[PDB]
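Chemist: Before I ask anything, here is the structure I am working with.
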Amino acid sequence: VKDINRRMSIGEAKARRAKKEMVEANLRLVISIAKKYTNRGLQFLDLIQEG
DNA sequence: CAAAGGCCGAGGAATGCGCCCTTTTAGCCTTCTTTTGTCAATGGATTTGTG
């Protein structure tokens, strides 16, 4: 059961690093979208973080 | 052999900005049970009437 939960953890770490790589790639997309809302009351970094 | 121009990117105002749908949450709105304030009786213990 140790090795079972271990292989589970291996899969989880792989998928998590993959999600990380995708988010890292598309941060530029998020900034490009958030630039459209920059003057409706919320600061720029807050827009980027919600995005 | 350089110049004009076509291309891409790095930076800003703003006439800029969701919709349709499911599901919970607030609160108002009625209906009912109970605590509470009220009107009337109904004697009963001092106050007065009497000589």
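Chemist: Tell me which residues, restricted to chain A, are of a type in the set (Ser, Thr, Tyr) and touching a helix residue (DSSP H, G or I) at 6+ places or on another chain (Cβ under 7 Å).
Modeler: Selection gives A:37, A:38.
Chemist: Of the numbered conditions (1) in a helix (DSSP H, G or I); (2) within 16 Å of DNA strand B (Cβ to nearest atom); (3) of a type in the set (A, V, I, L, M, F, W, C), residue A:10 satisfies every one except a single condition; which is it?
Modeler: (2)
Chemist: Which one of A:47, A:29, A:42 is surrounded by 10 or more Cβ atoms within 10 Å (Cβ to Cβ), in a loop (DSSP other than H, G, I, E, B) and within 16 Å of DNA strand B (Cβ to nearest atom)?
Modeler: Sole residue among the options that is surrounded by 10 or more Cβ atoms within 10 Å (Cβ to Cβ), in a loop (DSSP other than H, G, I, E, B) and within 16 Å of DNA strand B (Cβ to nearest atom): A:42.
For neighbour counting, all protein chains shown are included, and Cβ atoms are generated from backbone atoms with ideal geometry for every residue, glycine included. Laboratory data are not the source of any read-out in this text; all were calculated from the coordinates shown.
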